[PDB]
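S.K.: Structure file input_23.txt (compact mmCIF, C-alpha atoms and all ligand atoms) right here:
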# COMPACT_ATOMS: atom_id res chain seq x y z
CA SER A 1 -24.25 16.15 6.27
CA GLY A 2 -21.15 15.96 8.46
CA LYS A 3 -17.58 15.68 7.22
CA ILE A 4 -16.42 14.14 3.95
CA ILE A 5 -13.74 11.72 5.11
CA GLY A 6 -10.71 10.86 2.98
CA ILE A 7 -9.73 7.18 2.74
CA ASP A 8 -6.55 5.64 1.34
CA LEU A 9 -7.57 2.05 0.59
CA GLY A 10 -4.15 0.42 0.28
CA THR A 11 -2.88 -3.00 -0.78
CA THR A 12 -1.15 -3.39 2.60
CA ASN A 13 -2.51 -0.61 4.82
CA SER A 14 -5.47 1.72 4.85
CA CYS A 15 -5.99 5.04 6.63
CA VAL A 16 -8.53 7.81 7.13
CA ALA A 17 -8.19 11.57 7.39
CA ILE A 18 -10.43 14.64 7.89
CA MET A 19 -10.09 18.37 7.40
CA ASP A 20 -10.32 20.46 10.56
CA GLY A 21 -10.44 23.80 8.83
CA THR A 22 -7.19 24.17 6.95
CA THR A 23 -5.53 21.46 9.05
CA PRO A 24 -5.76 17.84 7.88
CA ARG A 25 -5.75 15.20 10.60
CA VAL A 26 -5.03 11.51 10.11
CA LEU A 27 -7.14 9.59 12.60
CA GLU A 28 -5.96 6.81 14.86
CA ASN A 29 -8.06 3.64 14.92
CA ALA A 30 -9.50 1.67 17.87
CA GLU A 31 -6.09 0.02 18.31
CA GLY A 32 -4.39 3.45 18.58
CA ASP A 33 -2.69 3.32 15.17
CA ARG A 34 -2.82 5.82 12.30
CA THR A 35 -2.72 2.98 9.77
CA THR A 36 -4.81 -0.20 9.62
CA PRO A 37 -3.65 -3.43 7.91
CA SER A 38 -5.92 -4.22 4.95
CA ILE A 39 -6.62 -7.66 6.41
CA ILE A 40 -10.10 -9.12 6.96
CA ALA A 41 -10.66 -12.30 8.98
CA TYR A 42 -13.77 -14.45 9.41
CA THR A 43 -13.42 -16.35 12.69
CA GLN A 44 -14.74 -19.72 13.82
CA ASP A 45 -17.20 -18.06 16.19
CA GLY A 46 -18.63 -15.87 13.38
CA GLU A 47 -16.99 -12.50 13.98
CA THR A 48 -15.39 -10.36 11.29
CA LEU A 49 -12.05 -8.88 12.37
CA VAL A 50 -10.29 -6.08 10.49
CA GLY A 51 -6.73 -4.80 10.83
CA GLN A 52 -4.32 -5.76 13.60
CA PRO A 53 -6.79 -8.15 15.29
CA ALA A 54 -7.04 -9.97 11.97
CA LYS A 55 -3.28 -9.95 11.41
CA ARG A 56 -2.71 -11.40 14.89
CA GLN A 57 -4.80 -14.55 14.28
CA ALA A 58 -3.76 -15.26 10.67
CA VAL A 59 -1.41 -18.11 11.63
CA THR A 60 -4.22 -20.09 13.28
CA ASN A 61 -6.92 -19.19 10.67
CA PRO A 62 -5.07 -19.07 7.33
CA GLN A 63 -7.88 -20.06 4.95
CA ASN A 64 -10.29 -17.41 6.32
CA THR A 65 -7.90 -14.45 6.75
CA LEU A 66 -8.06 -12.37 3.58
CA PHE A 67 -5.45 -9.86 2.39
CA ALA A 68 -4.19 -8.26 -0.84
CA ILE A 69 -7.77 -7.94 -2.08
CA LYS A 70 -6.73 -4.77 -3.94
CA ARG A 71 -4.92 -7.15 -6.34
CA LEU A 72 -8.30 -8.80 -7.18
CA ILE A 73 -10.83 -5.98 -7.09
CA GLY A 74 -12.40 -5.29 -10.46
CA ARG A 75 -10.53 -8.15 -12.15
CA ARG A 76 -11.58 -11.16 -14.20
CA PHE A 77 -10.76 -14.64 -12.89
CA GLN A 78 -8.55 -15.45 -15.90
CA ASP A 79 -6.58 -12.20 -15.53
CA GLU A 80 -2.89 -13.14 -15.37
CA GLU A 81 -2.46 -11.44 -11.99
CA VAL A 82 -5.41 -13.36 -10.55
CA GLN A 83 -4.15 -16.69 -11.89
CA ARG A 84 -0.75 -16.11 -10.24
CA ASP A 85 -2.51 -15.29 -6.97
CA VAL A 86 -4.74 -18.40 -7.01
CA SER A 87 -1.63 -20.52 -6.49
CA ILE A 88 0.10 -18.46 -3.81
CA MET A 89 -2.73 -17.16 -1.62
CA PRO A 90 -3.82 -19.30 1.35
CA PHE A 91 -7.50 -18.38 0.87
CA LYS A 92 -9.75 -19.63 -1.93
CA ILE A 93 -9.99 -17.52 -5.10
CA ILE A 94 -12.77 -18.61 -7.48
CA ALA A 95 -14.62 -17.66 -10.66
CA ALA A 96 -17.99 -16.03 -10.20
CA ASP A 97 -20.69 -17.20 -12.60
CA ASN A 98 -20.12 -14.00 -14.62
CA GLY A 99 -16.37 -14.58 -14.88
CA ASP A 100 -15.19 -12.13 -12.21
CA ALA A 101 -12.53 -13.02 -9.65
CA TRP A 102 -14.24 -13.78 -6.33
CA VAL A 103 -13.25 -15.35 -2.99
CA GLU A 104 -14.93 -18.11 -1.00
CA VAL A 105 -14.94 -18.37 2.81
CA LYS A 106 -16.64 -21.27 4.63
CA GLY A 107 -18.76 -21.93 1.56
CA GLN A 108 -19.84 -18.29 1.14
CA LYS A 109 -18.89 -16.76 -2.23
CA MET A 110 -18.04 -13.06 -2.03
CA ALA A 111 -17.12 -10.36 -4.52
CA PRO A 112 -13.92 -8.39 -3.72
CA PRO A 113 -15.91 -5.19 -2.91
CA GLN A 114 -17.74 -7.10 -0.16
CA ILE A 115 -14.35 -7.77 1.46
CA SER A 116 -12.76 -4.33 1.02
CA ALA A 117 -16.03 -2.87 2.35
CA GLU A 118 -15.10 -4.27 5.78
CA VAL A 119 -11.96 -2.08 5.80
CA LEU A 120 -14.03 0.90 4.69
CA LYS A 121 -16.56 0.21 7.48
CA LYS A 122 -13.67 0.37 9.98
CA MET A 123 -12.46 3.68 8.52
CA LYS A 124 -16.03 5.05 8.79
CA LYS A 125 -16.45 3.91 12.40
CA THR A 126 -13.02 5.33 13.30
CA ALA A 127 -14.15 8.76 12.06
CA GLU A 128 -17.54 8.47 13.80
CA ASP A 129 -15.85 7.67 17.12
CA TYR A 130 -13.49 10.64 16.74
CA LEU A 131 -16.11 13.14 15.58
CA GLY A 132 -19.15 12.19 17.68
CA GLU A 133 -21.53 12.23 14.68
CA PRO A 134 -22.48 9.96 11.78
CA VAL A 135 -20.27 9.84 8.71
CA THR A 136 -21.98 9.15 5.40
CA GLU A 137 -19.72 10.74 2.73
CA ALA A 138 -16.19 9.93 1.57
CA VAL A 139 -13.47 10.47 -1.00
CA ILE A 140 -11.64 7.20 -1.78
CA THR A 141 -8.30 6.92 -3.58
CA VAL A 142 -7.29 4.46 -6.33
CA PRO A 143 -4.06 3.94 -8.24
CA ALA A 144 -3.70 5.92 -11.44
CA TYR A 145 -3.44 2.66 -13.40
CA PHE A 146 -6.91 1.43 -12.28
CA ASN A 147 -9.38 0.86 -15.12
CA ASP A 148 -13.14 1.53 -15.13
CA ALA A 149 -13.97 -1.90 -13.68
CA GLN A 150 -11.50 -1.40 -10.82
CA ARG A 151 -12.82 2.13 -10.15
CA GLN A 152 -16.46 1.00 -10.16
CA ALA A 153 -15.67 -1.97 -7.88
CA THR A 154 -14.00 0.43 -5.43
CA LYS A 155 -17.06 2.71 -5.55
CA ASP A 156 -19.23 -0.36 -4.86
CA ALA A 157 -17.13 -1.19 -1.77
CA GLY A 158 -17.89 2.31 -0.47
CA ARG A 159 -21.62 1.87 -1.04
CA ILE A 160 -21.56 -1.51 0.75
CA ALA A 161 -19.89 0.29 3.68
CA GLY A 162 -22.74 2.87 3.78
CA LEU A 163 -20.69 5.70 2.28
CA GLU A 164 -21.73 8.07 -0.47
CA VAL A 165 -18.58 8.11 -2.60
CA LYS A 166 -18.39 11.80 -3.53
CA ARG A 167 -15.22 11.32 -5.61
CA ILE A 168 -12.64 8.75 -6.58
CA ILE A 169 -9.22 10.43 -6.77
CA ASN A 170 -5.98 9.03 -8.14
CA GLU A 171 -3.28 8.41 -5.52
CA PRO A 172 -0.56 10.64 -7.10
CA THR A 173 -3.00 13.55 -7.35
CA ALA A 174 -4.00 13.04 -3.72
CA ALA A 175 -0.32 13.23 -2.72
CA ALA A 176 0.00 16.44 -4.76
CA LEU A 177 -3.01 17.99 -2.97
CA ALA A 178 -1.38 17.14 0.38
CA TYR A 179 1.85 18.79 -0.74
CA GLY A 180 -0.09 21.78 -2.09
CA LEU A 181 -1.30 22.84 1.35
CA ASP A 182 2.25 23.57 2.59
CA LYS A 183 4.04 24.40 -0.65
CA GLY A 184 5.73 27.44 -2.07
CA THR A 185 3.45 29.85 -3.90
CA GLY A 186 2.99 29.86 -7.66
CA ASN A 187 4.28 27.57 -10.39
CA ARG A 188 5.83 24.29 -9.22
CA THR A 189 6.45 21.01 -11.02
CA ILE A 190 6.84 17.97 -8.77
CA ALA A 191 7.74 14.32 -9.18
CA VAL A 192 5.68 11.97 -7.00
CA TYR A 193 7.52 8.68 -6.48
CA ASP A 194 5.10 6.24 -4.82
CA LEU A 195 6.47 2.82 -3.82
CA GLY A 196 3.84 1.00 -1.78
CA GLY A 197 3.24 -2.57 -0.72
CA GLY A 198 1.89 -3.66 -4.10
CA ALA A 199 2.82 -1.23 -6.86
CA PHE A 200 5.16 1.53 -7.98
CA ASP A 201 4.01 4.78 -9.60
CA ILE A 202 5.85 7.88 -10.82
CA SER A 203 3.81 10.95 -11.75
CA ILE A 204 4.95 14.40 -12.87
CA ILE A 205 2.42 17.00 -11.67
CA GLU A 206 2.32 20.74 -12.32
CA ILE A 207 0.82 23.23 -9.86
CA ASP A 208 -0.03 26.81 -10.86
CA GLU A 209 -1.86 29.81 -9.39
CA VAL A 210 -3.98 31.73 -11.90
CA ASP A 211 -7.13 33.87 -11.75
CA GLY A 212 -7.51 33.10 -8.03
CA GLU A 213 -7.38 29.27 -8.41
CA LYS A 214 -4.64 26.78 -7.57
CA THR A 215 -4.53 24.36 -10.51
CA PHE A 216 -3.18 20.78 -10.62
CA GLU A 217 -2.31 18.94 -13.85
CA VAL A 218 -0.79 15.50 -14.37
CA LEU A 219 1.86 15.90 -17.08
CA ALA A 220 2.93 12.24 -17.23
CA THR A 221 2.54 9.00 -15.33
CA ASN A 222 4.41 5.69 -15.44
CA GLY A 223 4.89 2.75 -13.12
CA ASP A 224 5.33 -0.96 -12.47
CA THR A 225 2.34 -2.84 -11.02
CA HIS A 226 4.61 -5.76 -10.06
CA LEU A 227 7.07 -3.69 -8.00
CA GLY A 228 6.20 -3.18 -4.36
CA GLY A 229 7.23 -3.83 -0.80
CA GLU A 230 5.82 -7.38 -0.93
CA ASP A 231 8.51 -8.12 -3.55
CA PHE A 232 11.22 -6.80 -1.22
CA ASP A 233 9.85 -9.13 1.48
CA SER A 234 9.99 -12.07 -0.95
CA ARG A 235 13.71 -11.56 -1.59
CA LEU A 236 14.43 -11.65 2.13
CA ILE A 237 12.15 -14.65 2.67
CA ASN A 238 14.02 -16.53 -0.05
CA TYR A 239 17.35 -15.71 1.60
CA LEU A 240 16.11 -17.02 4.96
CA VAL A 241 14.84 -20.24 3.35
CA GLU A 242 18.14 -20.75 1.53
CA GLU A 243 20.29 -20.05 4.60
CA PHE A 244 18.23 -22.47 6.69
CA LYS A 245 18.59 -25.17 4.03
CA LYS A 246 22.34 -24.64 3.75
CA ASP A 247 22.80 -24.85 7.51
CA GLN A 248 20.19 -27.42 8.57
CA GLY A 249 19.37 -29.36 5.38
CA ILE A 250 15.59 -28.77 5.57
CA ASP A 251 13.50 -26.99 2.94
CA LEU A 252 10.89 -24.88 4.74
CA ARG A 253 8.91 -24.13 1.56
CA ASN A 254 6.93 -27.35 2.03
CA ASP A 255 5.52 -26.10 5.37
CA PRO A 256 2.79 -23.43 5.09
CA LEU A 257 2.90 -22.52 8.78
CA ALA A 258 6.67 -22.02 8.68
CA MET A 259 6.37 -19.92 5.52
CA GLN A 260 3.67 -17.74 7.13
CA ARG A 261 5.96 -17.17 10.13
CA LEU A 262 8.90 -16.35 7.82
CA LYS A 263 6.83 -13.79 5.91
CA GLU A 264 6.02 -11.91 9.12
CA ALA A 265 9.62 -12.16 10.37
CA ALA A 266 11.07 -11.03 7.04
CA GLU A 267 8.88 -7.93 6.92
CA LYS A 268 9.78 -7.05 10.51
CA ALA A 269 13.51 -7.44 9.80
CA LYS A 270 13.26 -5.41 6.58
CA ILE A 271 11.61 -2.51 8.43
CA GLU A 272 14.17 -2.74 11.26
CA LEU A 273 16.98 -2.42 8.71
CA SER A 274 15.68 0.98 7.57
CA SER A 275 17.08 2.36 10.84
CA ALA A 276 19.62 -0.24 12.04
CA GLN A 277 22.75 -1.62 10.36
CA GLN A 278 21.93 -5.23 11.28
CA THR A 279 19.23 -7.32 12.89
CA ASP A 280 18.53 -10.89 13.93
CA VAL A 281 15.70 -13.20 12.82
CA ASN A 282 14.77 -15.70 15.54
CA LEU A 283 11.98 -18.25 15.03
CA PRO A 284 11.82 -20.99 17.68
CA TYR A 285 10.48 -24.38 16.58
CA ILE A 286 10.35 -23.33 12.95
CA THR A 287 10.34 -27.03 12.19
CA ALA A 288 10.78 -30.25 14.15
CA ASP A 289 11.45 -33.90 13.36
CA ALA A 290 12.60 -37.04 15.10
CA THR A 291 16.12 -35.63 15.42
CA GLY A 292 14.70 -32.79 17.52
CA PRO A 293 13.33 -29.26 17.24
CA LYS A 294 14.95 -26.70 14.96
CA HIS A 295 15.20 -22.98 15.74
CA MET A 296 16.06 -20.34 13.18
CA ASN A 297 18.57 -17.69 14.22
CA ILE A 298 19.95 -15.69 11.28
CA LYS A 299 21.70 -12.32 11.31
CA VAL A 300 20.81 -10.00 8.43
CA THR A 301 22.88 -6.89 7.75
CA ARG A 302 21.66 -3.84 5.90
CA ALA A 303 24.35 -4.52 3.26
CA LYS A 304 22.95 -8.01 2.72
CA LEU A 305 19.39 -6.69 2.37
CA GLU A 306 20.59 -4.02 -0.09
CA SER A 307 22.28 -6.70 -2.22
CA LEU A 308 19.08 -8.80 -2.21
CA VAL A 309 16.85 -5.97 -3.51
CA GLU A 310 19.24 -3.77 -5.54
CA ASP A 311 17.68 -4.82 -8.86
CA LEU A 312 14.17 -4.00 -7.59
CA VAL A 313 15.23 -0.46 -6.68
CA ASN A 314 16.96 -0.11 -10.05
CA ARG A 315 13.74 -1.18 -11.82
CA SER A 316 12.08 1.97 -10.48
CA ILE A 317 14.49 4.26 -12.40
CA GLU A 318 13.62 3.50 -16.02
CA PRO A 319 9.98 4.62 -15.52
CA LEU A 320 11.36 7.88 -14.09
CA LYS A 321 13.29 8.55 -17.30
CA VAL A 322 10.26 7.76 -19.48
CA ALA A 323 7.89 9.93 -17.41
CA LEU A 324 10.20 12.93 -17.78
CA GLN A 325 10.51 12.27 -21.53
CA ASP A 326 6.73 12.08 -21.86
CA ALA A 327 6.31 15.32 -19.93
CA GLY A 328 8.94 16.99 -22.13
CA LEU A 329 11.08 17.84 -19.11
CA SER A 330 14.58 17.21 -17.89
CA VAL A 331 15.49 16.51 -14.31
CA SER A 332 16.51 20.18 -13.91
CA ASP A 333 12.88 21.24 -14.50
CA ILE A 334 11.66 19.46 -11.36
CA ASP A 335 11.20 21.75 -8.35
CA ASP A 336 10.52 19.11 -5.70
CA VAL A 337 10.51 15.33 -5.38
CA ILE A 338 7.88 13.77 -3.09
CA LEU A 339 8.36 10.26 -1.72
CA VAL A 340 5.10 8.42 -1.00
CA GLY A 341 4.66 4.92 0.42
CA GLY A 342 6.14 3.05 3.34
CA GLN A 343 8.75 1.28 1.22
CA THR A 344 10.38 4.65 0.37
CA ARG A 345 11.64 4.76 3.98
CA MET A 346 14.40 2.35 2.96
CA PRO A 347 17.65 4.41 2.91
CA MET A 348 18.75 2.80 -0.38
CA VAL A 349 15.51 3.97 -2.07
CA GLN A 350 15.88 7.50 -0.71
CA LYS A 351 19.50 7.64 -1.92
CA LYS A 352 18.75 6.30 -5.42
CA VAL A 353 15.92 8.81 -5.90
CA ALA A 354 18.05 11.72 -4.68
CA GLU A 355 20.91 10.62 -6.96
CA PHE A 356 18.58 10.51 -9.96
CA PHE A 357 17.16 14.01 -9.46
CA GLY A 358 20.29 15.53 -7.93
CA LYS A 359 18.31 16.84 -4.96
CA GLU A 360 16.92 15.52 -1.71
CA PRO A 361 13.19 14.73 -1.56
CA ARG A 362 11.02 16.96 0.60
CA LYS A 363 11.17 16.10 4.30
CA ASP A 364 7.82 17.65 5.34
CA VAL A 365 5.60 15.18 3.47
CA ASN A 366 4.86 12.04 5.48
CA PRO A 367 5.14 9.11 3.00
CA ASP A 368 2.70 7.01 5.02
CA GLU A 369 -0.05 9.67 5.26
CA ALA A 370 0.08 11.88 2.12
CA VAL A 371 -2.49 9.93 0.10
CA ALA A 372 -5.12 9.87 2.88
CA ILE A 373 -4.48 13.58 3.61
CA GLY A 374 -4.95 14.41 -0.08
CA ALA A 375 -8.24 12.55 -0.11
CA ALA A 376 -9.34 14.65 2.86
CA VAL A 377 -8.24 17.82 1.03
CA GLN A 378 -10.42 16.83 -1.93
CA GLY A 379 -13.28 16.40 0.53
CA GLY A 380 -12.65 19.92 1.81
CA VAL A 381 -12.70 21.27 -1.76
CA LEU A 382 -16.16 19.74 -2.20
CA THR A 383 -17.47 21.23 1.06
CA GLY A 384 -15.65 24.52 1.66
CA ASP A 385 -13.04 23.90 4.35
CA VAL A 386 -10.65 24.33 1.38
CA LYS A 387 -11.28 26.85 -1.39
CA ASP A 388 -9.91 27.72 -4.82
CA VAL A 389 -8.51 24.37 -6.07
CA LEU A 390 -8.97 23.05 -9.65
CA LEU A 391 -7.98 19.70 -11.19
CA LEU A 392 -7.15 20.22 -14.88
CA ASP A 393 -7.54 17.56 -17.56
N1 LIG A 401 10.32 1.81 7.65
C1 LIG A 401 10.12 1.04 6.56
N2 LIG A 401 11.16 0.64 5.80
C2 LIG A 401 10.98 -0.14 4.71
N3 LIG A 401 9.76 -0.55 4.32
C3 LIG A 401 8.65 -0.18 4.99
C4 LIG A 401 8.76 0.66 6.17
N4 LIG A 401 7.52 0.86 6.66
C5 LIG A 401 6.66 0.21 5.85
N5 LIG A 401 7.36 -0.40 4.85
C6 LIG A 401 6.80 -1.21 3.76
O1 LIG A 401 5.92 -0.38 3.04
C7 LIG A 401 4.90 -1.19 2.41
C8 LIG A 401 3.56 -0.55 2.71
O2 LIG A 401 3.55 0.74 2.12
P1 LIG A 401 2.15 1.53 2.02
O3 LIG A 401 1.30 1.51 3.27
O4 LIG A 401 2.50 2.85 1.41
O5 LIG A 401 1.42 0.61 0.90
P2 LIG A 401 -0.10 0.67 0.40
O6 LIG A 401 -0.55 2.11 0.22
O7 LIG A 401 -0.93 -0.18 1.29
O8 LIG A 401 0.17 -0.06 -1.02
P3 LIG A 401 -0.31 0.34 -2.51
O9 LIG A 401 -0.11 1.83 -2.67
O10 LIG A 401 0.66 -0.45 -3.36
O11 LIG A 401 -1.75 -0.04 -2.60
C9 LIG A 401 5.07 -2.58 2.98
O12 LIG A 401 5.73 -3.40 2.01
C10 LIG A 401 5.93 -2.36 4.23
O13 LIG A 401 6.71 -3.48 4.66
K K A 402 -1.74 3.13 2.63
MG MG A 403 -0.45 3.40 -1.35
NA NA A 404 1.73 2.57 -4.53
What's the structure tokens form of this structure?
M.R.:
Amino acid sequence: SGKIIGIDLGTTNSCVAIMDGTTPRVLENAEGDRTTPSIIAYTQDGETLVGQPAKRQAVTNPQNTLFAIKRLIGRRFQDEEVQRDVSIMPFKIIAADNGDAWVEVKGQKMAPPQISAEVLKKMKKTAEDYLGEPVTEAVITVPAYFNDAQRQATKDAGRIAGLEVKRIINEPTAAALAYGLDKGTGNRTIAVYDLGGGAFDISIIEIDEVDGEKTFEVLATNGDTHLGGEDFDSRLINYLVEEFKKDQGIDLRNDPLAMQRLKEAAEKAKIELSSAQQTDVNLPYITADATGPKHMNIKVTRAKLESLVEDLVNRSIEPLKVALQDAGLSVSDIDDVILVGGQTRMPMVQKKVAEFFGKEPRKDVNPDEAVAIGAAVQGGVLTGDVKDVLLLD
């Protein structure tokens, strides 16, 4: 009964959408925001916080504020990704008795789906508050590269949240369904360039209209699972650490609190530089010793940021070339390019993509919302708010 909600369960941010007839709507959460940080905190007084309230208390509760769980879900403890993360994450990653990668909080061992379920519960409650009725059914997205274990673990997170998971849909296909509502009629071949907080994906997708059905077919996919916005942040963090050392002679990498503050400040400055030519990073009392307190104040220009991440943006191009080769297409066979993911808002990324294809990406696809909207469209196809759509093998 009710609506089948569409959920984008992201590395960095999650969001929820519904179909109101032919019109998708992305829903704002209890904090008023159309996206929710994928952050789950277990507080000293026993509450579970999700989203911005969790983000806001991370500095004072670092061992019990969980994030980036999408990097662990469905994985084995000795997976190379997991082993890297054990060393860098401030929370405790452990081996379950069966060999899976788990987390431990205040002595309680938890599987990754038990943590991502808290985000899904917030998406469910958001939709219930908006609609005035219970929500029990959902479509949840996953990256195209996810394996069976990762897909099943995501389905399990939905069940833990009290949702019947009607379908798992791949993120590029969801973006294509969002585009396909307001697209030109007939045959179209699109390139979906998705640069999120954790991973990069390029998919070539063909849309057709035949025998009264709109068909969608993935012609090729490629990507880099170690290329995401968090890597852009890391380059800026490293610059700030190096500049502070050069100027003040102190290495902040030894101080976890300082490094947590730098991570937040670096991400804020990076986002600011998508619309400004320069910005300033100010962190009072970033460290202190017997000589006195030290305050960081560093100007970062857009040119400097571009130089720090140029090679990351360039790493996204070779997969583009291979995906076209695999699809048997040249760049002149692509009708539209769709940017998906918050990190595509960087002007340098937009310019490099346009230069590669020789045409500007579509402006009427919101890179932050397309995946959630596509999940909602799939939910409409299952009910009947949306008719005549077929996903081809
Ligand atoms: N205006 C902006 N300019 C540059 N980067 C941005 C901007 N807005 C958001 N970002 C970055 O986008 C990333 C988040 O993108 P998004 O929400 O698409 O990821 P996600 O869907 O959670 O990740 P994934 O698809 O990898 O699971 C973060 O690294 C964030 O700092
Ligand atoms: K997202
Ligand atoms: Mg995403
Ligand atoms: Na992505």
S.K.: Using only C-alpha atoms, which residues sit within 8 Å of segment 31-45 of chain A once same-chain residues fewer than 2 positions away are excluded, as a VMD selection string?
M.R.: chain A and resid 9 to 16 26 to 29 47 to 52 54 to 55 58 61 64 to 68 105 115 to 116 118 to 119
S.K.: Just want the 12 Å neighbourhood of residue 151 of chain A, counted on all atoms listed in the file, with same-chain residues fewer than 3 positions away dropped. Output as a ChimeraX atom specification.
M.R.: /A:9,70,73-75,113,140-148,154-158,165,167-170
S.K.: Would you please work out which residue, of A:208, A:310, A:272, A:364, is nearest to ligand LIG 401 (chain A) when using only C-alpha atoms and all ligand atoms?
M.R.: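 Between A:208, A:310, A:272, A:364, the residue approaching ligand LIG 401 (chain A) most closely is A:272.
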S.K.: For the point (18.0, -14.8, 12.6) in the file's frame, write as a PDB file with C-alpha atoms, in the coordinates of the input all residues with an atom no more than 9 Å away, counting only C-alpha atoms.
M.R.:
ATOM      1  CA  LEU A 240      16.110 -17.020   4.960  1.00  0.00           C
ATOM      2  CA  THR A 279      19.230  -7.320  12.890  1.00  0.00           C
ATOM      3  CA  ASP A 280      18.530 -10.890  13.930  1.00  0.00           C
ATOM      4  CA  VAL A 281      15.700 -13.200  12.820  1.00  0.00           C
ATOM      5  CA  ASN A 282      14.770 -15.700  15.540  1.00  0.00           C
ATOM      6  CA  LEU A 283      11.980 -18.250  15.030  1.00  0.00           C
ATOM      7  CA  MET A 296      16.060 -20.340  13.180  1.00  0.00           C
ATOM      8  CA  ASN A 297      18.570 -17.690  14.220  1.00  0.00           C
ATOM      9  CA  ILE A 298      19.950 -15.690  11.280  1.00  0.00           C
ATOM     10  CA  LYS A 299      21.700 -12.320  11.310  1.00  0.00           C
ATOM     11  CA  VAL A 300      20.810 -10.000   8.430  1.00  0.00           C
TER      12      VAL A 300
END
S.K.: Point out the residue among A:354, A:227, A:288, A:303 with the least atom-to-atom distance to ligand NA 404 (chain A), counting all atoms listed in the file.
M.R.: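 The answer is A:227, which sits nearest to ligand NA 404 (chain A).
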S.K.: If we count all atoms listed in the file and set the cut-off at 7 Å, which residues sit around segment 86-93 of chain A, ignoring sequence neighbours fewer than 6 positions away in its own chain? Please answer as a list in words.
M.R.: residues 62, 63, 64, 66, 101, 102, 103 and 104 of chain A
S.K.: Using all atoms listed in the file, find each protein or nucleic acid residue lying at most 8 Å from ligand LIG 401 (chain A); present the set as a PDB file with C-alpha atoms, keeping the file's coordinate frame.
M.R.:
ATOM      1  CA  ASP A   8      -6.550   5.640   1.340  1.00  0.00           C
ATOM      2  CA  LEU A   9      -7.570   2.050   0.590  1.00  0.00           C
ATOM      3  CA  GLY A  10      -4.150   0.420   0.280  1.00  0.00           C
ATOM      4  CA  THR A  11      -2.880  -3.000  -0.780  1.00  0.00           C
ATOM      5  CA  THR A  12      -1.150  -3.390   2.600  1.00  0.00           C
ATOM      6  CA  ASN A  13      -2.510  -0.610   4.820  1.00  0.00           C
ATOM      7  CA  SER A  14      -5.470   1.720   4.850  1.00  0.00           C
ATOM      8  CA  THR A  35      -2.720   2.980   9.770  1.00  0.00           C
ATOM      9  CA  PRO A  37      -3.650  -3.430   7.910  1.00  0.00           C
ATOM     10  CA  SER A  38      -5.920  -4.220   4.950  1.00  0.00           C
ATOM     11  CA  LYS A  70      -6.730  -4.770  -3.940  1.00  0.00           C
ATOM     12  CA  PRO A 143      -4.060   3.940  -8.240  1.00  0.00           C
ATOM     13  CA  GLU A 171      -3.280   8.410  -5.520  1.00  0.00           C
ATOM     14  CA  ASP A 194       5.100   6.240  -4.820  1.00  0.00           C
ATOM     15  CA  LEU A 195       6.470   2.820  -3.820  1.00  0.00           C
ATOM     16  CA  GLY A 196       3.840   1.000  -1.780  1.00  0.00           C
ATOM     17  CA  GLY A 197       3.240  -2.570  -0.720  1.00  0.00           C
ATOM     18  CA  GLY A 198       1.890  -3.660  -4.100  1.00  0.00           C
ATOM     19  CA  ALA A 199       2.820  -1.230  -6.860  1.00  0.00           C
ATOM     20  CA  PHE A 200       5.160   1.530  -7.980  1.00  0.00           C
ATOM     21  CA  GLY A 228       6.200  -3.180  -4.360  1.00  0.00           C
ATOM     22  CA  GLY A 229       7.230  -3.830  -0.800  1.00  0.00           C
ATOM     23  CA  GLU A 230       5.820  -7.380  -0.930  1.00  0.00           C
ATOM     24  CA  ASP A 231       8.510  -8.120  -3.550  1.00  0.00           C
ATOM     25  CA  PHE A 232      11.220  -6.800  -1.220  1.00  0.00           C
ATOM     26  CA  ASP A 233       9.850  -9.130   1.480  1.00  0.00           C
ATOM     27  CA  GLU A 267       8.880  -7.930   6.920  1.00  0.00           C
ATOM     28  CA  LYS A 268       9.780  -7.050  10.510  1.00  0.00           C
ATOM     29  CA  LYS A 270      13.260  -5.410   6.580  1.00  0.00           C
ATOM     30  CA  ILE A 271      11.610  -2.510   8.430  1.00  0.00           C
ATOM     31  CA  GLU A 272      14.170  -2.740  11.260  1.00  0.00           C
ATOM     32  CA  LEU A 273      16.980  -2.420   8.710  1.00  0.00           C
ATOM     33  CA  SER A 274      15.680   0.980   7.570  1.00  0.00           C
ATOM     34  CA  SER A 275      17.080   2.360  10.840  1.00  0.00           C
ATOM     35  CA  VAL A 340       5.100   8.420  -1.000  1.00  0.00           C
ATOM     36  CA  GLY A 341       4.660   4.920   0.420  1.00  0.00           C
ATOM     37  CA  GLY A 342       6.140   3.050   3.340  1.00  0.00           C
ATOM     38  CA  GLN A 343       8.750   1.280   1.220  1.00  0.00           C
ATOM     39  CA  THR A 344      10.380   4.650   0.370  1.00  0.00           C
ATOM     40  CA  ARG A 345      11.640   4.760   3.980  1.00  0.00           C
ATOM     41  CA  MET A 346      14.400   2.350   2.960  1.00  0.00           C
ATOM     42  CA  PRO A 367       5.140   9.110   3.000  1.00  0.00           C
ATOM     43  CA  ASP A 368       2.700   7.010   5.020  1.00  0.00           C
TER      44      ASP A 368
END
S.K.: Using only C-alpha atoms and all ligand atoms, which of A:120, A:258, A:207, A:371 sits nearest ligand MG 403 (chain A)?
M.R.: A:371
S.K.: Dig up all the protein and nucleic acid residues within 10 Å of (-12.9, 23.6, 8.7) in the file frame, using all atoms listed in the file, and format them as a list in words.
M.R.: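 Neighbouring residues, ordered by chain and number, come to residues 3, 18, 19, 20, 21, 22, 23, 24, 380, 383, 384, 385 and 386 of chain A.
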